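First the structure, in the form of structure tokens, and then the observations on it.
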Amino acid sequence: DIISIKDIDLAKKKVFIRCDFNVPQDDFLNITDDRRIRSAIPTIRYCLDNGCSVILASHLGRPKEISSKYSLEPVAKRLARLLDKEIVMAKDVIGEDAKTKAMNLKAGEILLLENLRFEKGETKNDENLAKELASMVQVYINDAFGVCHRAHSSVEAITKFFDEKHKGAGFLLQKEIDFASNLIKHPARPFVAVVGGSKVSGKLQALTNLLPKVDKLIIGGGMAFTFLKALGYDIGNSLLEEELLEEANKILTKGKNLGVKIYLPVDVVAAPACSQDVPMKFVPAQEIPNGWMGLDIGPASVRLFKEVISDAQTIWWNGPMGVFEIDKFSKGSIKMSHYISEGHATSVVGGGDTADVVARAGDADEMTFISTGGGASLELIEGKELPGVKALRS
Ligand SMILES: [K+]
Ligand SMILES: [K+]
């Protein structure tokens, strides 16, 4: 149903590619993870190989207003090394400099527009922005699954300025869609969802839609403590969403009614504060000391979870098992990455935090697929129609 880049005649044309270059940066604005730039390359190279000129556009962060801090200039440098091709940068998005550069662009050249979100209309699906972006090119390609869950100009309104023979989905967008969709369709079984992170409300809708689909569900991260609390466990000073206690109980009740095997941590790494520099204890989940907090799954839980996933043919994992940015509270996530990656399941990772764990674990290459689109994969797993994808439906 979705129009593919493969069914569009784009040879020798001028092509707008909406890419996802929303990469992490450090305080000196050096790029600390270029995976999204790398994932964009096959679509870009396919156009260049077909004699196109290429206008690339992406957002970076969420600028409130224009500043050098959110410039795409470091993305341009990094992409130039990775493609071994030179890049022209526009000083603006649809101002005079972009339009002139776009018009001057020769076959085989690459133009990177400045941050899309320097235009206030982008996150409002402004139709004038869309029209101005569209005027620069003959073909529209979306390769940015990561923003497709939002009605933004560069993925939604812009598509109204191209007919079905001049717009389509890039190779990355198609993969993101195929991997996410499989999971809510007919995945190989046993199908295990492994869910984590610190908030239940983050995952509630995904869990509700996955529940009738999965064979087993492991719940870790800070969000587990709301489930344990919903079951009457004392959780000391751990994270709690009081207001979601009843919803968590509903997940467990329906899970059981549907025959889903649901596992929560049976032990945790507990500490008096969330820092490297305080003491830590391995304790049962029923015995977090007064005033202490659970910050990672414990070794018994790691081991149980290993056994839970051991016969899996499909695993979806979104969310760390614990506060993995702190070394002392990272081991449960790291070992889960090891166990998931080393097993024989089709393994699909979601969430930037989870991609980060998998990177630190050194396992990125043994995962079947790591989504580089944060909330977008989740909203698909939730059962929603994504406006960016809909926009490209034949
Ligand atoms: K046009
Ligand atoms: K594997």
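So you can find residues: chains in the structure tokens are A, B, ... in the order shown, residues in each start at 1, and ligands are numbered from 1 in order.
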
Inset, instruction - Please identify every polymer residue within 7 Å of ligand 1, using only C-alpha atoms and all ligand atoms, and present the set as an MDAnalysis selection string. - result: chainID A and resid 134:138 161:162

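Using only C-alpha atoms and all ligand atoms as the basis for the distance check, residues found within 8 Å of ligand 2 are residues 340, 341, 342, 343, 344, 345, 346, 347, 366, 367 and 368 of chain A.
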
Legend entry - Spatial neighbours of residue A:14, 10 Å, only C-alpha atoms, chain gap at least 6 places, as a PyMOL selection string: chain A and resi 47+51-55+102-103+105-109+136-140

For N, CA, C and O atoms, I'd like the residues from the last selection saved as a PDB file, in the first residue's frame.
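Result saved to result-v7.pdb:
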ATOM      1  N   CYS A  47      19.758   7.578  -4.683  1.00  0.00           N
ATOM      2  CA  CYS A  47      19.407   8.709  -5.521  1.00  0.00           C
ATOM      3  C   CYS A  47      20.631   9.203  -6.287  1.00  0.00           C
ATOM      4  O   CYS A  47      20.543   9.482  -7.481  1.00  0.00           O
ATOM      5  N   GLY A  51      21.743   9.515 -10.641  1.00  0.00           N
ATOM      6  CA  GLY A  51      22.037  10.788 -11.293  1.00  0.00           C
ATOM      7  C   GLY A  51      21.295  11.996 -10.721  1.00  0.00           C
ATOM      8  O   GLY A  51      21.272  13.046 -11.350  1.00  0.00           O
ATOM      9  N   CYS A  52      20.713  11.863  -9.528  1.00  0.00           N
ATOM     10  CA  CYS A  52      19.932  12.937  -8.934  1.00  0.00           C
ATOM     11  C   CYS A  52      20.823  14.000  -8.301  1.00  0.00           C
ATOM     12  O   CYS A  52      22.028  13.804  -8.088  1.00  0.00           O
ATOM     13  N   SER A  53      20.200  15.144  -8.046  1.00  0.00           N
ATOM     14  CA  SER A  53      20.690  16.089  -7.079  1.00  0.00           C
ATOM     15  C   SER A  53      19.779  15.909  -5.901  1.00  0.00           C
ATOM     16  O   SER A  53      18.602  15.546  -6.060  1.00  0.00           O
ATOM     17  N   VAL A  54      20.325  16.155  -4.721  1.00  0.00           N
ATOM     18  CA  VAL A  54      19.710  15.720  -3.510  1.00  0.00           C
ATOM     19  C   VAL A  54      19.638  16.876  -2.543  1.00  0.00           C
ATOM     20  O   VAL A  54      20.638  17.500  -2.260  1.00  0.00           O
ATOM     21  N   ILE A  55      18.439  17.167  -2.064  1.00  0.00           N
ATOM     22  CA  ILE A  55      18.239  18.156  -1.010  1.00  0.00           C
ATOM     23  C   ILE A  55      17.802  17.395   0.216  1.00  0.00           C
ATOM     24  O   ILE A  55      16.769  16.765   0.185  1.00  0.00           O
ATOM     25  N   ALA A 102      19.455  25.543  -3.758  1.00  0.00           N
ATOM     26  CA  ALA A 102      18.626  24.493  -4.368  1.00  0.00           C
ATOM     27  C   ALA A 102      18.597  24.630  -5.864  1.00  0.00           C
ATOM     28  O   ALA A 102      18.736  23.654  -6.594  1.00  0.00           O
ATOM     29  N   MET A 103      18.377  25.843  -6.323  1.00  0.00           N
ATOM     30  CA  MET A 103      18.322  26.097  -7.750  1.00  0.00           C
ATOM     31  C   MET A 103      19.667  25.868  -8.444  1.00  0.00           C
ATOM     32  O   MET A 103      19.702  25.366  -9.560  1.00  0.00           O
ATOM     33  N   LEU A 105      21.928  23.814  -7.430  1.00  0.00           N
ATOM     34  CA  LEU A 105      22.381  22.432  -7.181  1.00  0.00           C
ATOM     35  C   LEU A 105      22.540  21.625  -8.479  1.00  0.00           C
ATOM     36  O   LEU A 105      21.604  21.534  -9.272  1.00  0.00           O
ATOM     37  N   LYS A 106      23.727  21.048  -8.688  1.00  0.00           N
ATOM     38  CA  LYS A 106      23.987  20.235  -9.861  1.00  0.00           C
ATOM     39  C   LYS A 106      23.848  18.749  -9.537  1.00  0.00           C
ATOM     40  O   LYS A 106      23.951  18.334  -8.369  1.00  0.00           O
ATOM     41  N   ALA A 107      23.583  17.973 -10.588  1.00  0.00           N
ATOM     42  CA  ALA A 107      23.552  16.527 -10.546  1.00  0.00           C
ATOM     43  C   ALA A 107      24.739  16.023  -9.766  1.00  0.00           C
ATOM     44  O   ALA A 107      25.900  16.399 -10.067  1.00  0.00           O
ATOM     45  N   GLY A 108      24.465  15.151  -8.789  1.00  0.00           N
ATOM     46  CA  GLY A 108      25.522  14.573  -7.983  1.00  0.00           C
ATOM     47  C   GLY A 108      25.859  15.360  -6.736  1.00  0.00           C
ATOM     48  O   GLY A 108      26.663  14.903  -5.912  1.00  0.00           O
ATOM     49  N   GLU A 109      25.245  16.527  -6.575  1.00  0.00           N
ATOM     50  CA  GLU A 109      25.481  17.324  -5.403  1.00  0.00           C
ATOM     51  C   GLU A 109      24.449  17.072  -4.323  1.00  0.00           C
ATOM     52  O   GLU A 109      23.329  16.613  -4.604  1.00  0.00           O
ATOM     53  N   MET A 136      11.300  23.506  -4.259  1.00  0.00           N
ATOM     54  CA  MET A 136      12.706  23.332  -4.565  1.00  0.00           C
ATOM     55  C   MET A 136      13.023  22.066  -5.327  1.00  0.00           C
ATOM     56  O   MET A 136      14.113  21.938  -5.881  1.00  0.00           O
ATOM     57  N   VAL A 137      12.077  21.140  -5.370  1.00  0.00           N
ATOM     58  CA  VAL A 137      12.362  19.806  -5.857  1.00  0.00           C
ATOM     59  C   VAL A 137      11.262  19.291  -6.778  1.00  0.00           C
ATOM     60  O   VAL A 137      10.213  19.894  -6.888  1.00  0.00           O
ATOM     61  N   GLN A 138      11.542  18.166  -7.423  1.00  0.00           N
ATOM     62  CA  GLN A 138      10.586  17.470  -8.287  1.00  0.00           C
ATOM     63  C   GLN A 138       9.999  16.191  -7.682  1.00  0.00           C
ATOM     64  O   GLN A 138       8.914  15.763  -8.098  1.00  0.00           O
ATOM     65  N   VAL A 139      10.758  15.560  -6.769  1.00  0.00           N
ATOM     66  CA  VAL A 139      10.376  14.320  -6.085  1.00  0.00           C
ATOM     67  C   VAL A 139      10.562  14.438  -4.569  1.00  0.00           C
ATOM     68  O   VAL A 139      11.546  15.024  -4.092  1.00  0.00           O
ATOM     69  N   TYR A 140       9.607  13.900  -3.820  1.00  0.00           N
ATOM     70  CA  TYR A 140       9.683  13.880  -2.356  1.00  0.00           C
ATOM     71  C   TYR A 140       9.930  12.469  -1.864  1.00  0.00           C
ATOM     72  O   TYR A 140       9.167  11.568  -2.194  1.00  0.00           O
TER      73      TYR A 140
END

Inset, instruction - Extract, using only C-alpha atoms, all DNA, RNA and protein residues at most 9 Å from stretch 69-79 of chain A, discarding same-chain residues fewer than 6 positions from it, and format them as a PyMOL selection string. - result: chain A and resi 21-23+29-31+34+37-38+41+58-63+85-89+112-115+118

May I have the selected residues written with N, CA, C and O atoms, as a tab-separated table (two decimals), in the first residue's frame?
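Printed below is again.tsv as written:
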chain	number	residue	atom	x	y	z
A	21	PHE	N	18.25	13.02	11.01
A	21	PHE	CA	19.59	13.29	11.50
A	21	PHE	C	19.57	13.86	12.93
A	21	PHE	O	20.48	14.59	13.31
A	22	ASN	N	18.53	13.54	13.70
A	22	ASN	CA	18.43	14.02	15.09
A	22	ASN	C	19.37	13.23	16.02
A	22	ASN	O	18.96	12.42	16.85
A	23	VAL	N	20.66	13.46	15.83
A	23	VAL	CA	21.68	12.69	16.51
A	23	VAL	C	21.99	13.33	17.89
A	23	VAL	O	21.82	14.53	18.06
A	29	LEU	N	29.10	20.03	21.17
A	29	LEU	CA	28.32	19.80	19.96
A	29	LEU	C	28.93	18.77	19.01
A	29	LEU	O	28.48	18.63	17.87
A	30	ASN	N	29.93	18.03	19.48
A	30	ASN	CA	30.45	16.88	18.73
A	30	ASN	C	29.41	15.78	18.76
A	30	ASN	O	28.73	15.62	19.76
A	31	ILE	N	29.28	15.04	17.66
A	31	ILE	CA	28.30	13.96	17.57
A	31	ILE	C	28.80	12.73	18.30
A	31	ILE	O	29.91	12.27	18.07
A	34	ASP	N	26.39	8.43	15.63
A	34	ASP	CA	26.05	8.77	14.25
A	34	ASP	C	25.21	7.73	13.50
A	34	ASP	O	25.05	7.83	12.29
A	37	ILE	N	22.71	8.87	10.97
A	37	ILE	CA	23.29	9.36	9.73
A	37	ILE	C	23.64	8.17	8.86
A	37	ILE	O	23.25	8.13	7.72
A	38	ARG	N	24.31	7.16	9.44
A	38	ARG	CA	24.62	5.94	8.71
A	38	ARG	C	23.37	5.25	8.13
A	38	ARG	O	23.39	4.72	7.03
A	41	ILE	N	22.07	6.58	4.73
A	41	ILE	CA	22.92	6.54	3.55
A	41	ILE	C	22.39	5.76	2.35
A	41	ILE	O	22.50	6.24	1.21
A	58	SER	N	16.30	17.69	7.81
A	58	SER	CA	16.07	17.05	9.07
A	58	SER	C	15.91	18.09	10.13
A	58	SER	O	16.27	19.24	9.94
A	59	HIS	N	15.38	17.65	11.25
A	59	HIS	CA	15.39	18.45	12.47
A	59	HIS	C	16.56	17.99	13.33
A	59	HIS	O	17.09	16.89	13.13
A	60	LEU	N	16.93	18.83	14.28
A	60	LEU	CA	17.89	18.49	15.32
A	60	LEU	C	17.39	19.09	16.63
A	60	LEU	O	17.27	20.31	16.74
A	61	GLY	N	17.06	18.24	17.60
A	61	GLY	CA	16.53	18.69	18.88
A	61	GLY	C	15.18	19.37	18.75
A	61	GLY	O	14.40	19.08	17.84
A	62	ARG	N	14.91	20.28	19.68
A	62	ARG	CA	13.66	21.02	19.69
A	62	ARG	C	13.97	22.47	19.98
A	62	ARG	O	13.69	22.96	21.07
A	63	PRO	N	14.57	23.16	19.02
A	63	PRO	CA	14.94	24.54	19.30
A	63	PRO	C	13.70	25.40	19.56
A	63	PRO	O	12.70	25.28	18.85
A	85	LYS	N	31.56	12.11	0.22
A	85	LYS	CA	31.05	13.08	-0.75
A	85	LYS	C	30.99	14.44	-0.09
A	85	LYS	O	30.87	14.56	1.12
A	86	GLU	N	31.07	15.48	-0.89
A	86	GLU	CA	30.97	16.82	-0.34
A	86	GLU	C	29.52	17.25	-0.22
A	86	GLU	O	28.65	16.79	-0.98
A	87	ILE	N	29.28	18.11	0.77
A	87	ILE	CA	27.96	18.61	1.12
A	87	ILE	C	27.95	20.14	1.11
A	87	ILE	O	28.83	20.78	1.71
A	88	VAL	N	26.95	20.71	0.45
A	88	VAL	CA	26.62	22.11	0.59
A	88	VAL	C	25.55	22.27	1.65
A	88	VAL	O	24.55	21.56	1.65
A	89	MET	N	25.79	23.21	2.55
A	89	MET	CA	24.85	23.55	3.60
A	89	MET	C	24.16	24.86	3.26
A	89	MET	O	24.79	25.79	2.77
A	112	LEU	N	22.18	20.12	2.23
A	112	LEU	CA	21.54	19.95	3.52
A	112	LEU	C	20.97	21.29	3.96
A	112	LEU	O	21.69	22.28	4.15
A	113	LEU	N	19.66	21.32	4.10
A	113	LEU	CA	19.00	22.51	4.63
A	113	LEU	C	19.34	22.66	6.11
A	113	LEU	O	19.73	21.69	6.75
A	114	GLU	N	19.25	23.87	6.66
A	114	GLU	CA	19.35	24.04	8.10
A	114	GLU	C	18.19	23.34	8.78
A	114	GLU	O	17.17	23.06	8.17
A	115	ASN	N	18.36	23.13	10.08
A	115	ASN	CA	17.34	22.60	10.96
A	115	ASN	C	15.97	23.08	10.45
A	115	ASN	O	15.68	24.29	10.40
A	118	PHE	N	13.87	25.28	12.78
A	118	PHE	CA	14.10	26.72	12.88
A	118	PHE	C	12.89	27.43	12.27
A	118	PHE	O	12.70	28.62	12.49

Legend entry - All residues 12 Å or closer to stretch 336-339 of chain A, only C-alpha atoms, same chain fewer than 3 positions away omitted, as a VMD selection string: chain A and resid 194 to 196 218 220 to 221 296 to 299 301 to 312 315 to 322 324 330 to 333 342 to 345 347 to 349 354 to 367 370

Within stretch 16-137 of chain A, find each residue whose DSSP state, derived from the backbone, is strand (DSSP E), and express the selection as a short mmCIF file (atom, residue, chain, number, x, y, z; two decimals) with N, CA and C atoms, in the first residue's frame.
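Output file states.cif is given in full below:
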data_model
loop_
_atom_site.label_atom_id
_atom_site.label_comp_id
_atom_site.auth_asym_id
_atom_site.auth_seq_id
_atom_site.Cartn_x
_atom_site.Cartn_y
_atom_site.Cartn_z
N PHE A 16 14.03 15.82 -2.81
CA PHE A 16 13.99 16.18 -1.41
C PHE A 16 13.92 14.87 -0.61
N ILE A 17 14.90 14.64 0.25
CA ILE A 17 14.87 13.49 1.16
C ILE A 17 14.75 13.98 2.59
N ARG A 18 13.63 13.67 3.22
CA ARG A 18 13.46 13.97 4.62
C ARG A 18 14.16 12.85 5.36
N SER A 53 20.20 15.14 -8.05
CA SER A 53 20.69 16.09 -7.08
C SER A 53 19.78 15.91 -5.90
N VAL A 54 20.33 16.16 -4.72
CA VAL A 54 19.71 15.72 -3.51
C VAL A 54 19.64 16.88 -2.54
N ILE A 55 18.44 17.17 -2.06
CA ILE A 55 18.24 18.16 -1.01
C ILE A 55 17.80 17.39 0.22
N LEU A 56 18.60 17.43 1.27
CA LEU A 56 18.30 16.71 2.51
C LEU A 56 17.75 17.68 3.54
N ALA A 57 16.84 17.19 4.37
CA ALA A 57 16.26 18.01 5.45
C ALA A 57 15.99 17.15 6.64
N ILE A 87 29.28 18.11 0.77
CA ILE A 87 27.96 18.61 1.12
C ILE A 87 27.95 20.14 1.11
N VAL A 88 26.95 20.71 0.45
CA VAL A 88 26.62 22.11 0.59
C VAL A 88 25.55 22.27 1.65
N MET A 89 25.79 23.21 2.55
CA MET A 89 24.85 23.55 3.60
C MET A 89 24.16 24.86 3.26
N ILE A 110 24.86 17.35 -3.09
CA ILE A 110 24.02 17.23 -1.92
C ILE A 110 23.86 18.57 -1.18
N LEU A 111 22.61 19.01 -1.00
CA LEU A 111 22.29 20.19 -0.18
C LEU A 111 21.60 19.75 1.09
N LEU A 112 22.18 20.12 2.23
CA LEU A 112 21.54 19.95 3.52
C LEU A 112 20.97 21.29 3.96
#

Inset, instruction - Write out as a VMD selection string the residues lying within 10 Å of residue A:290, counting only C-alpha atoms and excluding same-chain residues fewer than 5 positions away. - result: chain A and resid 234 to 237 272

Prev. selection, N, CA and C atoms, output as a PDB file, in the first residue's frame:
ATOM      1  N   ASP A 234       5.949  -3.728  49.246  1.00  0.00           N
ATOM      2  CA  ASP A 234       6.589  -2.485  49.691  1.00  0.00           C
ATOM      3  C   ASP A 234       7.712  -2.172  48.697  1.00  0.00           C
ATOM      4  N   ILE A 235       7.829  -0.933  48.227  1.00  0.00           N
ATOM      5  CA  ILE A 235       8.888  -0.604  47.248  1.00  0.00           C
ATOM      6  C   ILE A 235       9.851   0.480  47.728  1.00  0.00           C
ATOM      7  N   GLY A 236       9.827   0.742  49.033  1.00  0.00           N
ATOM      8  CA  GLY A 236      10.678   1.750  49.641  1.00  0.00           C
ATOM      9  C   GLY A 236      10.511   3.079  48.956  1.00  0.00           C
ATOM     10  N   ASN A 237      11.614   3.632  48.493  1.00  0.00           N
ATOM     11  CA  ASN A 237      11.625   4.960  47.912  1.00  0.00           C
ATOM     12  C   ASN A 237      11.720   4.942  46.384  1.00  0.00           C
ATOM     13  N   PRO A 272      20.679   3.734  48.689  1.00  0.00           N
ATOM     14  CA  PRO A 272      20.011   4.854  49.366  1.00  0.00           C
ATOM     15  C   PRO A 272      19.828   6.061  48.469  1.00  0.00           C
TER      16      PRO A 272
END

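Shell of residue A:128 at 9 Å, with only C-alpha atoms counted and residues fewer than 5 places along the chain excluded, is residues 121, 133, 153 and 157 of chain A.
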
Write to file, as a PDB file, in the first residue's frame, the residues of the selection just made, with N, CA and C atoms.
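Result file again-v9.pdb:
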ATOM      1  N   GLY A 121       6.686  26.785  11.744  1.00  0.00           N
ATOM      2  CA  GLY A 121       5.564  26.061  11.141  1.00  0.00           C
ATOM      3  C   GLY A 121       5.738  24.545  11.044  1.00  0.00           C
ATOM      4  N   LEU A 133       9.018  24.265   0.762  1.00  0.00           N
ATOM      5  CA  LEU A 133       9.937  23.132   0.712  1.00  0.00           C
ATOM      6  C   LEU A 133       9.766  22.393  -0.603  1.00  0.00           C
ATOM      7  N   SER A 153       5.294  19.462   8.863  1.00  0.00           N
ATOM      8  CA  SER A 153       5.206  19.922   7.464  1.00  0.00           C
ATOM      9  C   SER A 153       6.012  19.053   6.537  1.00  0.00           C
ATOM     10  N   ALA A 157       2.188  17.788   5.422  1.00  0.00           N
ATOM     11  CA  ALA A 157       1.685  18.816   4.500  1.00  0.00           C
ATOM     12  C   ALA A 157       2.497  18.843   3.206  1.00  0.00           C
TER      13      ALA A 157
END

Inset, instruction - Please give the complete set of residues from stretch 68-136 of chain A that DSSP, run on the backbone, assigns to alpha helix (DSSP H), formatted as a PyMOL selection string. - result: chain A and resi 73-83+96-104+127-135

Could you please take those selected residues and save N, CA, C and O atoms as a compact mmCIF listing (two decimals), in the first residue's frame?
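The result, written out as again35.txt:
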# COMPACT_ATOMS: atom_id res chain seq x y z
N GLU A 73 25.28 21.80 10.98
CA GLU A 73 26.64 21.87 10.39
C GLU A 73 27.50 20.67 10.74
O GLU A 73 28.20 20.17 9.88
N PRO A 74 27.45 20.19 11.99
CA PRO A 74 28.16 18.97 12.37
C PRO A 74 27.58 17.72 11.74
O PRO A 74 28.32 16.76 11.51
N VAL A 75 26.27 17.69 11.50
CA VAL A 75 25.69 16.59 10.75
C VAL A 75 26.26 16.58 9.32
O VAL A 75 26.71 15.53 8.85
N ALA A 76 26.27 17.72 8.66
CA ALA A 76 26.89 17.84 7.34
C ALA A 76 28.33 17.34 7.32
O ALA A 76 28.69 16.61 6.41
N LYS A 77 29.16 17.73 8.30
CA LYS A 77 30.55 17.25 8.35
C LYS A 77 30.58 15.73 8.46
O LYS A 77 31.28 15.05 7.72
N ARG A 78 29.80 15.18 9.39
CA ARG A 78 29.85 13.75 9.61
C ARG A 78 29.37 12.97 8.38
O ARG A 78 29.98 11.98 8.00
N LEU A 79 28.27 13.42 7.77
CA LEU A 79 27.71 12.75 6.60
C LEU A 79 28.70 12.80 5.45
O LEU A 79 28.81 11.84 4.71
N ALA A 80 29.43 13.90 5.30
CA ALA A 80 30.42 14.02 4.23
C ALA A 80 31.53 12.97 4.35
O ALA A 80 31.96 12.40 3.34
N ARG A 81 31.99 12.70 5.57
CA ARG A 81 32.97 11.66 5.77
C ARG A 81 32.38 10.29 5.50
O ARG A 81 33.00 9.48 4.82
N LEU A 82 31.18 10.03 6.01
CA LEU A 82 30.55 8.72 5.85
C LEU A 82 30.21 8.41 4.38
O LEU A 82 30.38 7.27 3.96
N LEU A 83 29.75 9.40 3.61
CA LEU A 83 29.46 9.20 2.17
C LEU A 83 30.70 9.30 1.30
O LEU A 83 30.69 8.88 0.13
N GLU A 96 16.31 32.77 1.35
CA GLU A 96 16.90 33.01 0.03
C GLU A 96 18.11 32.10 -0.24
O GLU A 96 18.36 31.70 -1.39
N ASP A 97 18.86 31.84 0.81
CA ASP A 97 20.07 31.07 0.67
C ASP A 97 19.72 29.62 0.28
O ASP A 97 20.26 29.09 -0.69
N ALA A 98 18.76 29.01 0.98
CA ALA A 98 18.29 27.64 0.59
C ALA A 98 17.79 27.59 -0.84
O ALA A 98 18.19 26.70 -1.60
N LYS A 99 16.91 28.54 -1.20
CA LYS A 99 16.29 28.52 -2.53
C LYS A 99 17.33 28.67 -3.64
O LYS A 99 17.23 28.03 -4.68
N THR A 100 18.30 29.54 -3.41
CA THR A 100 19.32 29.81 -4.42
C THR A 100 20.21 28.58 -4.54
O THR A 100 20.44 28.09 -5.63
N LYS A 101 20.69 28.08 -3.40
CA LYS A 101 21.49 26.85 -3.39
C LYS A 101 20.74 25.69 -4.06
O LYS A 101 21.30 25.02 -4.91
N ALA A 102 19.45 25.54 -3.76
CA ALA A 102 18.63 24.49 -4.37
C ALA A 102 18.60 24.63 -5.86
O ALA A 102 18.74 23.65 -6.59
N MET A 103 18.38 25.84 -6.32
CA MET A 103 18.32 26.10 -7.75
C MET A 103 19.67 25.87 -8.44
O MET A 103 19.70 25.37 -9.56
N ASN A 104 20.75 26.28 -7.79
CA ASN A 104 22.11 26.07 -8.33
C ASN A 104 22.58 24.63 -8.26
O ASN A 104 23.51 24.28 -8.98
N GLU A 127 1.07 24.85 6.04
CA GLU A 127 0.97 24.57 4.61
C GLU A 127 1.90 25.48 3.76
O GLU A 127 2.44 25.00 2.75
N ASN A 128 2.14 26.73 4.17
CA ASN A 128 3.09 27.60 3.43
C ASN A 128 4.54 27.08 3.50
O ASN A 128 5.23 27.04 2.48
N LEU A 129 4.99 26.66 4.69
CA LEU A 129 6.28 25.98 4.81
C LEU A 129 6.35 24.81 3.82
O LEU A 129 7.23 24.79 2.96
N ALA A 130 5.39 23.89 3.90
CA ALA A 130 5.33 22.73 3.01
C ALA A 130 5.48 23.15 1.56
O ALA A 130 6.26 22.54 0.83
N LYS A 131 4.72 24.17 1.14
CA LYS A 131 4.73 24.62 -0.25
C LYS A 131 6.10 25.12 -0.66
O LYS A 131 6.59 24.77 -1.74
N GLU A 132 6.71 25.95 0.18
CA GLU A 132 8.09 26.42 -0.05
C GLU A 132 9.15 25.28 -0.08
O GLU A 132 10.09 25.35 -0.87
N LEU A 133 9.02 24.26 0.76
CA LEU A 133 9.94 23.13 0.71
C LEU A 133 9.77 22.39 -0.60
O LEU A 133 10.76 22.06 -1.26
N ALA A 134 8.51 22.19 -1.00
CA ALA A 134 8.19 21.44 -2.22
C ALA A 134 8.65 22.13 -3.50
O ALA A 134 8.99 21.47 -4.48
N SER A 135 8.69 23.46 -3.49
CA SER A 135 9.01 24.23 -4.68
C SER A 135 10.43 23.95 -5.16
O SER A 135 10.74 24.12 -6.34

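Straight-line separation from atom CA of residue A:219 to atom CA of residue A:262: 7.6 Å.
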
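You will find atom CA of residue A:280 at 29.6 Å from atom CA of residue A:252.
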
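Using only C-alpha atoms, the nearest neighbour of residue A:39 within the list A:247, A:176, A:92, A:1 is A:176.
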
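Distances from A:245, A:300, A:217, A:192 to residue A:263 were compared using only C-alpha atoms, and the smallest one belongs to A:217.
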
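Atom pair atom CA of residue A:179 / atom CA of residue A:24 has a distance of 23.7 Å (rounded to one decimal).
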